[PDB]
A.B. asks: 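Sharing a structure below in structure tokens format, with a few things to ask.
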Amino acid sequence: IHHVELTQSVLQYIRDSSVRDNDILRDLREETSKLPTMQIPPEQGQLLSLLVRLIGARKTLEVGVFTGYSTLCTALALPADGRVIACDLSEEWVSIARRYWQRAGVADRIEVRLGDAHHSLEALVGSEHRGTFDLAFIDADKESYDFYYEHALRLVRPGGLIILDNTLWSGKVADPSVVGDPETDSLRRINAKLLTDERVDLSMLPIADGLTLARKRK
Amino acid sequence: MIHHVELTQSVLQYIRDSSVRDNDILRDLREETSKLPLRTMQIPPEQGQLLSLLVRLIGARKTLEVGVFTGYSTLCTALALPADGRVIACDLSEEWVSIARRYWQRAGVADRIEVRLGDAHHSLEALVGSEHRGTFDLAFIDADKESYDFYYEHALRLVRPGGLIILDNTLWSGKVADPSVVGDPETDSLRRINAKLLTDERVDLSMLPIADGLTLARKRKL
Ligand SMILES: Nc1ncnc2c1ncn2[C@@H]1O[C@H](CSCC[C@H](N)C(=O)O)[C@@H](O)[C@H]1O
Ligand SMILES: NCCc1ccc(O)c(O)c1
Ligand SMILES: [Cl-]
Ligand SMILES: [Mg+2]
Ligand SMILES: [Mg+2]
């Protein structure tokens with residue numbers, strides 16, 4: 001399998017010749033880097049902005065959130081009446097997320113469901129929000145990816161896009177020595193399941209920690 | 001340091017095995033292209049599949065292609081289009097496009113593909129001056145690398161606002177990043193278009209580290 005050698009020189013080049021950065025995004029990345037598999041690279045955040053604008057999304061779902069880099073890139077790409085429903089795992093990094101979203105003037109476009117993502121997603125599938133999302137970004141605990149995926153399939157509209165982060169898990173999914181690891185096994189299972197899942201169109205991208213695109217078929 | 005997943009043959013084989021939905025038609029075309037002097041110009045199956053996804057994602061009906069070869073990219077595009085969809089495909093070689101037409105017929109999509117045979121410069125000038133101006137949903141640029149700016153500027157007028165422009169080989173085997181590669185026309189042209197895209201406020205941009213570098217440029221609405 002022929003490929004481009006991802007030397008620091010080539011990765012620095014991709015960054016320098018494609019990343020449109022600003023002080024707000026840069027400052028958030030810097031702050032996040034000083035804290036305890038949730039560091040979104042700027043190339044990924046920019047792709048997220050592109051895909052949102054590409055499908056004419058006004059309503060999106062997020063599972064994970066953390067300091068809110070992926071959420072900020074999403075919201076910035078949305079129209080003035082757009083909304084991100086962000087299912088935030090914990091309140092620990094909420095006050096950081098809130099600061100940058102306010103600073104970038106997107107806080108009015110972001111709604112936080114604070115607490116257990118299984119519970120917010122269960123409420124959402126039984127709510128008026130069912131089948132109304134244009135895009136879903138799954139970036140939470142890896143053991144719950146199947147649950148998040150099945151819930152996202154009911155939450156997104158036909159033709160909607162589901163995005164699954166970390167599907168390569170540092171290459172561990174491909175590593176035969178990594179045996180019995182719950183996160184690796186769950187990601188291996190969802191990856192295998194997606195290949196033969198006729199409900200979606202599929203693309204697994206070798207960007208950041210592996211980024212899977214699953215378009216819900218009409 | 002920029003952290004990344006090591007692209008070992010094991011990891012690349014995994015991406016292929018766990019995501020590529022293949023068929024005999026696509027497989028046979030890749031096999032027939034591999035037995036030609038310029039086989040390395042073919043897009044890998046993961047790129048073809050992404051092309052199908054993006055076409056379906058934006059609800060595209062009408063697409064532009066510059067650089068057809070044996071037509072793998074064209075076939076993936078046409079297959080993703082609705083029954084009344086159209087690909088306007090530009091290519092210099094009749095020989096390579098005579099191979100392409102066999103697979104397009106076999107996959108029942110030959111009716112969806114229109115070939116402008118000859119120099120793409122003249123084909124795109126004719127298209128910009130015609131009824132086709134601003135009617136394309138997607139443009140795939142994958143021809144001679146020295147003409148990428150010309151192809152890009154023409155694609156910007158040919159695609160509708162919100163339309164997607166896709167530029168292949170923007171990493172050129174890493175040569176664009178290689179300081180020892182000096183005075184090479186293809187490398188210099190790709191370096192120039194890459195630098196130009198970064199500050200081009202007419203588009204939303206994403207440079208993907210897939211295949212030989214794949215640049216996505218969404219024409220903004222205004
Ligand atoms: N000036 C020009 N006008 C039209 N086609 C050109 C051109 N210069 C090069 N080409 C074409 O660009 C192609 C490059 S390879 C294209 C690869 C193809 N899309 C795939 O999926 O395999 C060749 O077929 C070559 O004929
Ligand atoms: N691989 C170097 C040769 C090459 C030339 C033109 C292409 O479009 C292409 O994908 C590859
Ligand atoms: Cl816009
Ligand atoms: Mg993540
Ligand atoms: Mg190419």
Side-chain angles (χ1 to χ4, degrees), chain A residues 51 54-57 131 134 153 156-162 196-203 213-218, chain B residues 20-30 43 45-91 96-117 123-124 126-127 130-142 155 158-166 216 218-219:
Chain A
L51 289 166
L54 198 66
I55 67 160
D134 304 305
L153 272 174
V156 304
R157 59 155 178 97
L161 177 70
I162 300 153
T196 60
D197 188 359
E198 63 275 287
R199 299 172 294 179
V200 297
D201 293 308
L202 184 73
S203 189
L213 312 182
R215 171 188 175 272
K216 185 180 159 171
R217 285 167 172 182
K218 290 178 177 184
Chain B
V20 175
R21 298 168 174 182
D22 208 17
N23 62 60
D24 296 348
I25 310 171
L26 296 165
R27 205 190 321 268
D28 287 348
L29 180 49
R30 292 196 315 269
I43 68 158
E46 15 305 86
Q47 191 176 341
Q49 207 170 288
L50 176 59
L51 242 47
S52 297
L53 186 144
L54 289 166
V55 164
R56 284 203 175 180
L57 199 58
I58 67 161
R61 261 187 143 69
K62 193 188 180 165
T63 81
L64 178 70
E65 191 176 86
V66 190
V68 183
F69 190 32
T70 54
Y72 194 82
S73 63
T74 343
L75 171 60
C76 293
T77 300
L79 283 166
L81 291 175
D84 73 319
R86 191 132 258 251
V87 179
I88 300 180
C90 310
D91 209 283
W96 292 335
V97 177
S98 72
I99 300 162
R101 204 110 56 176
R102 277 190 288 117
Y103 291 85
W104 300 337
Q105 240 102 34
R106 186 170 156 197
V109 299
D111 48 285
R112 287 178 212 178
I113 300 159
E114 166 189 333
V115 181
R116 298 288 186 108
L117 202 66
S123 283
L124 301 175
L127 290 158
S130 83
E131 44 274 22
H132 301 279
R133 188 192 237 251
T135 69
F136 294 94
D137 305 304
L138 189 145
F140 181 56
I141 298 164
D142 187 27
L158 290 167
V159 304
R160 60 155 178 97
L164 178 67
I165 300 153
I166 308 169
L216 311 182
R218 171 188 176 270
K219 186 181 160 171

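The basis for the numbers below is simple: all heavy atoms, side chains too, and nothing from hydrogens, waters or symmetry mates. Below, chain A is the first sequence line, B the second, and so on; all start at residue 1.
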A.B. asks: Rounded at 0.5 Å granularity, tell me how far CD1 in B:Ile113 sits from OG1 in B:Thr77.
C.D. replies: 8.0 Å
A.B. asks: Hey, is B:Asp84 close enough to B:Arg112 for a salt bridge, meaning N to O under 4.0 Å?
C.D. replies: no
A.B. asks: Taking atom CG of B:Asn23 and atom CZ of B:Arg106, what is their separation to the nearest 0.5 Å?
C.D. replies: 8.0 Å
A.B. asks: Residues in side chain to side chain donor-acceptor pair (under 3.5 Å) with B:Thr74, at least two apart?
C.D. replies: B:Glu65
A.B. asks: Carefully, step by step, assess B:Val66 and B:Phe140 under the rule side chain to side chain contact (heavy atoms under 4.5 Å, CB included).
C.D. replies: CA-CA 6 Å; B:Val66 190; B:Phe140 181 56; over 6 Å; no
A.B. asks: Only counting residues at least two apart or in another chain, list the ones meeting side chain to side chain donor-acceptor pair (under 3.5 Å) with B:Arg218.
C.D. replies: B:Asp204
A.B. asks: Between B:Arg27 and B:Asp22 (salt bridge meaning N to carboxylate O under 4.0 Å), is one present in this structure?
C.D. replies: yes
A.B. asks: Roughly how far, to the nearest 0.5 Å, is the CG atom of A:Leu161 from the OG atom of A:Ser203?
C.D. replies: 10.0 Å
A.B. asks: Any chance you could measure B:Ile165, atom CD1, to B:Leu216, atom CG, to the nearest 0.5 Å?
C.D. replies: 11.0 Å
A.B. asks: Around B:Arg61, counting heavy atoms of other residues, nucleotides and ligands shown, do more than 12 lie under 6.0 Å from its CZ?
C.D. replies: no
A.B. asks: Quick one: side chain to side chain donor-acceptor pair (under 3.5 Å) partners of B:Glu114, sequence neighbours excluded?
C.D. replies: B:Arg86, B:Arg116
A.B. asks: List the atom of B:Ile25, the atom of B:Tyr103, and the distance in Å for their closest heavy-atom pair.
C.D. replies: O-CD2, 3.6 Å
